[PDB]
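Undergrad: Just so it is clear, I am handing over work.pdb, which has PDB, C-alpha atoms.
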```pdb
ATOM      1  CA  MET A   1       3.766 -26.842 -14.834  1.00  0.00           C
ATOM      2  CA  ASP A   2       3.557 -23.859 -12.501  1.00  0.00           C
ATOM      3  CA  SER A   3       7.128 -22.613 -12.829  1.00  0.00           C
ATOM      4  CA  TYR A   4       9.151 -19.440 -13.359  1.00  0.00           C
ATOM      5  CA  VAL A   5      12.431 -18.356 -14.842  1.00  0.00           C
ATOM      6  CA  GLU A   6      15.144 -18.111 -12.180  1.00  0.00           C
ATOM      7  CA  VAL A   7      17.566 -15.207 -12.581  1.00  0.00           C
ATOM      8  CA  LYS A   8      20.666 -14.453 -10.522  1.00  0.00           C
ATOM      9  CA  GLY A   9      22.439 -11.116 -10.335  1.00  0.00           C
ATOM     10  CA  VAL A  10      25.214  -9.794  -8.115  1.00  0.00           C
ATOM     11  CA  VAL A  11      25.012  -6.449  -6.295  1.00  0.00           C
ATOM     12  CA  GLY A  12      26.630  -3.503  -8.025  1.00  0.00           C
ATOM     13  CA  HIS A  13      26.317  -5.018 -11.499  1.00  0.00           C
ATOM     14  CA  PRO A  14      23.197  -4.846 -13.745  1.00  0.00           C
ATOM     15  CA  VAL A  15      20.891  -7.849 -13.804  1.00  0.00           C
ATOM     16  CA  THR A  16      18.863  -8.852 -16.847  1.00  0.00           C
ATOM     17  CA  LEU A  17      15.522 -10.621 -17.132  1.00  0.00           C
ATOM     18  CA  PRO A  18      15.429 -12.217 -20.624  1.00  0.00           C
ATOM     19  CA  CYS A  19      12.014 -11.900 -22.252  1.00  0.00           C
ATOM     20  CA  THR A  20      11.353 -12.273 -25.956  1.00  0.00           C
ATOM     21  CA  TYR A  21       8.547 -13.073 -28.380  1.00  0.00           C
ATOM     22  CA  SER A  22       8.338 -13.693 -32.134  1.00  0.00           C
ATOM     23  CA  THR A  23       7.072 -10.901 -34.372  1.00  0.00           C
ATOM     24  CA  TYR A  24       5.979 -13.396 -37.041  1.00  0.00           C
ATOM     25  CA  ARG A  25       2.501 -11.894 -36.694  1.00  0.00           C
ATOM     26  CA  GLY A  26       3.796  -8.381 -36.361  1.00  0.00           C
ATOM     27  CA  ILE A  27       4.898  -6.036 -33.577  1.00  0.00           C
ATOM     28  CA  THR A  28       3.037  -5.719 -30.243  1.00  0.00           C
ATOM     29  CA  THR A  29       2.827  -4.207 -26.773  1.00  0.00           C
ATOM     30  CA  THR A  30       4.530  -5.404 -23.585  1.00  0.00           C
ATOM     31  CA  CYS A  31       4.352  -4.429 -19.888  1.00  0.00           C
ATOM     32  CA  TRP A  32       6.685  -5.325 -17.051  1.00  0.00           C
ATOM     33  CA  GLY A  33       5.587  -5.617 -13.451  1.00  0.00           C
ATOM     34  CA  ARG A  34       6.879  -6.446 -10.019  1.00  0.00           C
ATOM     35  CA  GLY A  35       5.172  -9.386  -8.473  1.00  0.00           C
ATOM     36  CA  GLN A  36       3.642 -12.391 -10.147  1.00  0.00           C
ATOM     37  CA  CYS A  37       1.867 -12.194 -13.584  1.00  0.00           C
ATOM     38  CA  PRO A  38      -1.818 -12.035 -12.690  1.00  0.00           C
ATOM     39  CA  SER A  39      -4.762 -11.995 -15.118  1.00  0.00           C
ATOM     40  CA  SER A  40      -5.117  -8.635 -16.882  1.00  0.00           C
ATOM     41  CA  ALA A  41      -1.858  -6.794 -17.567  1.00  0.00           C
ATOM     42  CA  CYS A  42       0.991  -6.296 -15.095  1.00  0.00           C
ATOM     43  CA  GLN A  43       0.624  -5.503 -11.347  1.00  0.00           C
ATOM     44  CA  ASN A  44       3.128  -2.937  -9.939  1.00  0.00           C
ATOM     45  CA  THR A  45       3.942  -1.900 -13.497  1.00  0.00           C
ATOM     46  CA  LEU A  46       7.546  -0.997 -14.204  1.00  0.00           C
ATOM     47  CA  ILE A  47       7.444  -0.735 -18.002  1.00  0.00           C
ATOM     48  CA  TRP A  48       5.119  -0.363 -21.001  1.00  0.00           C
ATOM     49  CA  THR A  49       6.071  -0.418 -24.674  1.00  0.00           C
ATOM     50  CA  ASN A  50       4.112   0.772 -27.679  1.00  0.00           C
ATOM     51  CA  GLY A  51       5.805  -1.840 -29.828  1.00  0.00           C
ATOM     52  CA  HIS A  52       8.930   0.017 -30.922  1.00  0.00           C
ATOM     53  CA  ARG A  53      10.071   1.922 -27.857  1.00  0.00           C
ATOM     54  CA  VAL A  54       9.466   2.264 -24.139  1.00  0.00           C
ATOM     55  CA  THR A  55       6.540   4.586 -23.437  1.00  0.00           C
ATOM     56  CA  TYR A  56       6.451   4.047 -19.676  1.00  0.00           C
ATOM     57  CA  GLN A  57       9.227   3.432 -17.153  1.00  0.00           C
ATOM     58  CA  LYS A  58       8.508   3.560 -13.427  1.00  0.00           C
ATOM     59  CA  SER A  59      12.144   4.523 -12.758  1.00  0.00           C
ATOM     60  CA  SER A  60      15.311   5.183 -14.773  1.00  0.00           C
ATOM     61  CA  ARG A  61      16.878   2.044 -13.315  1.00  0.00           C
ATOM     62  CA  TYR A  62      14.614  -0.020 -15.572  1.00  0.00           C
ATOM     63  CA  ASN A  63      15.519  -0.270 -19.240  1.00  0.00           C
ATOM     64  CA  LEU A  64      14.906  -2.426 -22.289  1.00  0.00           C
ATOM     65  CA  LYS A  65      18.250  -2.306 -24.110  1.00  0.00           C
ATOM     66  CA  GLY A  66      17.564  -4.936 -26.753  1.00  0.00           C
ATOM     67  CA  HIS A  67      16.018  -4.460 -30.189  1.00  0.00           C
ATOM     68  CA  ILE A  68      12.409  -3.985 -29.019  1.00  0.00           C
ATOM     69  CA  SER A  69      10.948  -3.889 -32.512  1.00  0.00           C
ATOM     70  CA  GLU A  70      12.734  -7.168 -33.267  1.00  0.00           C
ATOM     71  CA  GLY A  71      11.070  -8.929 -30.344  1.00  0.00           C
ATOM     72  CA  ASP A  72      13.660  -8.556 -27.557  1.00  0.00           C
ATOM     73  CA  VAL A  73      11.810  -7.054 -24.567  1.00  0.00           C
ATOM     74  CA  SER A  74      14.326  -8.025 -21.866  1.00  0.00           C
ATOM     75  CA  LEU A  75      14.323  -5.935 -18.694  1.00  0.00           C
ATOM     76  CA  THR A  76      17.607  -4.623 -17.335  1.00  0.00           C
ATOM     77  CA  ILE A  77      17.727  -3.255 -13.793  1.00  0.00           C
ATOM     78  CA  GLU A  78      20.824  -1.002 -13.538  1.00  0.00           C
ATOM     79  CA  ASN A  79      23.020  -1.532 -10.473  1.00  0.00           C
ATOM     80  CA  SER A  80      21.058  -4.239  -8.704  1.00  0.00           C
ATOM     81  CA  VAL A  81      20.728  -4.533  -4.934  1.00  0.00           C
ATOM     82  CA  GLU A  82      19.381  -7.087  -2.508  1.00  0.00           C
ATOM     83  CA  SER A  83      16.237  -4.909  -2.711  1.00  0.00           C
ATOM     84  CA  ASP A  84      15.502  -6.008  -6.259  1.00  0.00           C
ATOM     85  CA  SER A  85      15.127  -9.696  -5.373  1.00  0.00           C
ATOM     86  CA  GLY A  86      11.551 -10.884  -5.860  1.00  0.00           C
ATOM     87  CA  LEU A  87       9.098 -11.915  -8.594  1.00  0.00           C
ATOM     88  CA  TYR A  88       8.891 -10.110 -11.925  1.00  0.00           C
ATOM     89  CA  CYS A  89       6.303 -10.361 -14.664  1.00  0.00           C
ATOM     90  CA  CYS A  90       6.801  -9.964 -18.443  1.00  0.00           C
ATOM     91  CA  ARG A  91       3.557  -9.872 -20.415  1.00  0.00           C
ATOM     92  CA  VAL A  92       3.335  -9.857 -24.175  1.00  0.00           C
ATOM     93  CA  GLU A  93      -0.018  -8.886 -25.597  1.00  0.00           C
ATOM     94  CA  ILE A  94      -0.497 -11.434 -28.431  1.00  0.00           C
ATOM     95  CA  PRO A  95      -3.691 -11.879 -30.590  1.00  0.00           C
ATOM     96  CA  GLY A  96      -6.666 -13.518 -28.977  1.00  0.00           C
ATOM     97  CA  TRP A  97      -9.008 -13.291 -26.045  1.00  0.00           C
ATOM     98  CA  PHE A  98      -7.433 -13.672 -22.604  1.00  0.00           C
ATOM     99  CA  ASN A  99      -4.387 -15.084 -24.356  1.00  0.00           C
ATOM    100  CA  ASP A 100      -1.212 -13.034 -23.347  1.00  0.00           C
ATOM    101  CA  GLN A 101       2.274 -14.548 -23.252  1.00  0.00           C
ATOM    102  CA  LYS A 102       3.032 -14.496 -19.524  1.00  0.00           C
ATOM    103  CA  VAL A 103       6.384 -15.141 -17.915  1.00  0.00           C
ATOM    104  CA  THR A 104       7.123 -14.783 -14.235  1.00  0.00           C
ATOM    105  CA  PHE A 105      10.687 -14.367 -13.044  1.00  0.00           C
ATOM    106  CA  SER A 106      12.229 -15.117  -9.672  1.00  0.00           C
ATOM    107  CA  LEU A 107      15.183 -12.754  -9.218  1.00  0.00           C
ATOM    108  CA  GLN A 108      17.909 -13.021  -6.583  1.00  0.00           C
ATOM    109  CA  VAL A 109      20.540 -10.339  -6.131  1.00  0.00           C
ATOM    110  CA  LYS A 110      23.191 -11.224  -3.587  1.00  0.00           C
ATOM    111  CA  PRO A 111      26.490  -9.542  -2.748  1.00  0.00           C
ATOM    112  CA  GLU A 112      29.339 -10.844  -4.904  1.00  0.00           C
ATOM    113  CA  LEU A 113      31.710 -10.762  -1.946  1.00  0.00           C
ATOM    114  CA  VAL A 114      30.702 -11.446   1.668  1.00  0.00           C
ATOM    115  CA  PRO A 115      33.608 -10.603   4.095  1.00  0.00           C
ATOM    116  CA  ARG A 116      36.627 -12.069   5.377  1.00  0.00           C
TER     117      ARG A 116
END
```
Write the structure described by the file as structure tokens, please.
TA:
Amino acid sequence: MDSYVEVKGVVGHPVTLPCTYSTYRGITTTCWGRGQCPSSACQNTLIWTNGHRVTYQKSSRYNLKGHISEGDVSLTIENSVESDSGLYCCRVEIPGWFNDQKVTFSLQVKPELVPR
């Protein structure tokens, strides 16, 4: 099953990429990247967490507004544009060798109103 999460946002409003993981084994790091999830960490990194808070954000338009320490690492791109459409990668570094939780998103931001 080679498949990704489809996400749809409308220009001018914030679009969210839902990404979560269980902390049943304790807190952990996460990176966000533009482009598909590859092998080792994220490519075109947008975000990095230390486990409790964001420690790296490529731009202020990228924010994790959920309870990060609870397991909610969802990415929120403020004021989306057609420009944001593309693949996104959410990687959760879980225990084990070459074993990260990888989720690729396919985002589409279209205008909410196309004229008359």
Undergrad: What's around region 6-21 of chain A at 7 Å? Count all atoms listed in the file, leave out sequence neighbours fewer than 6 positions away in its own chain, and write the answer as number ranges by chain.
TA: A: 71-82, 90, 105-112
Undergrad: Find, counting all atoms listed in the file, the residue in A:37, A:84, A:23, A:116 that gets nearest to residue 102 (chain A).
TA: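 When distances to residue 102 (chain A) are compared using all atoms listed in the file, the smallest one comes from A:37.
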Undergrad: With all atoms listed in the file as the atoms that count, which of A:63, A:30, A:57, A:83 lies nearest to residue 42 (chain A)?
TA: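 Among the listed residues, A:30 lies closest to residue 42 (chain A).
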Undergrad: Which residues are near residue 28 (chain A)? Cut-off 9 Å, all atoms listed in the file, ignore same chain within fewer than 4 positions. Put them as a PDB file with C-alpha atoms, in the coordinates of the input.
TA:
```
ATOM      1  CA  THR A  23       7.072 -10.901 -34.372  1.00  0.00           C
ATOM      2  CA  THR A  49       6.071  -0.418 -24.674  1.00  0.00           C
ATOM      3  CA  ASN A  50       4.112   0.772 -27.679  1.00  0.00           C
ATOM      4  CA  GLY A  51       5.805  -1.840 -29.828  1.00  0.00           C
ATOM      5  CA  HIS A  52       8.930   0.017 -30.922  1.00  0.00           C
ATOM      6  CA  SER A  69      10.948  -3.889 -32.512  1.00  0.00           C
ATOM      7  CA  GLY A  71      11.070  -8.929 -30.344  1.00  0.00           C
ATOM      8  CA  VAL A  92       3.335  -9.857 -24.175  1.00  0.00           C
ATOM      9  CA  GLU A  93      -0.018  -8.886 -25.597  1.00  0.00           C
ATOM     10  CA  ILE A  94      -0.497 -11.434 -28.431  1.00  0.00           C
TER      11      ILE A  94
END
```
Undergrad: Mind giving me the straight-line distance from CA of residue 39 (chain A) to CA of residue 98 (chain A) in Å, one decimal?
TA: 8.1 Å
Undergrad: Given the file shown, enumerate the residues that the PyMOL selection byres ((chain A and resi 104) around 6) captures and present them as a PyMOL selection string.
TA: chain A and resi 4+36-37+88-89+103+105
Undergrad: Take the residues from that selection and put them in a file with C-alpha atoms, as a PDB file, in the frame of the given file.
TA:
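Dumped everything to result17.pdb:
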```pdb
ATOM      1  CA  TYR A   4       9.151 -19.440 -13.359  1.00  0.00           C
ATOM      2  CA  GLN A  36       3.642 -12.391 -10.147  1.00  0.00           C
ATOM      3  CA  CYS A  37       1.867 -12.194 -13.584  1.00  0.00           C
ATOM      4  CA  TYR A  88       8.891 -10.110 -11.925  1.00  0.00           C
ATOM      5  CA  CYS A  89       6.303 -10.361 -14.664  1.00  0.00           C
ATOM      6  CA  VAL A 103       6.384 -15.141 -17.915  1.00  0.00           C
ATOM      7  CA  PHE A 105      10.687 -14.367 -13.044  1.00  0.00           C
TER       8      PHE A 105
END
```
Undergrad: Quote the spacing between CA of residue 46 (chain A) and CA of residue 86 (chain A) in Å to one decimal place.
TA: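 We find that CA of residue 46 (chain A) and CA of residue 86 (chain A) lie 13.5 Å from each other.
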Undergrad: When you draw a straight line from CA of residue 25 (chain A) to CA of residue 66 (chain A), how long is it in Å?
TA: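 Taking CA of residue 25 (chain A) and CA of residue 66 (chain A), their separation equals 19.3 Å.
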Undergrad: What would the selection look like, as a list in words, if the PyMOL selection byres ((chain A and resi 31) around 6) were run on the coordinates I just shared?
TA: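 That expression, the PyMOL selection byres ((chain A and resi 31) around 6), corresponds here to residues 30, 32, 47, 48 and 91 of chain A.
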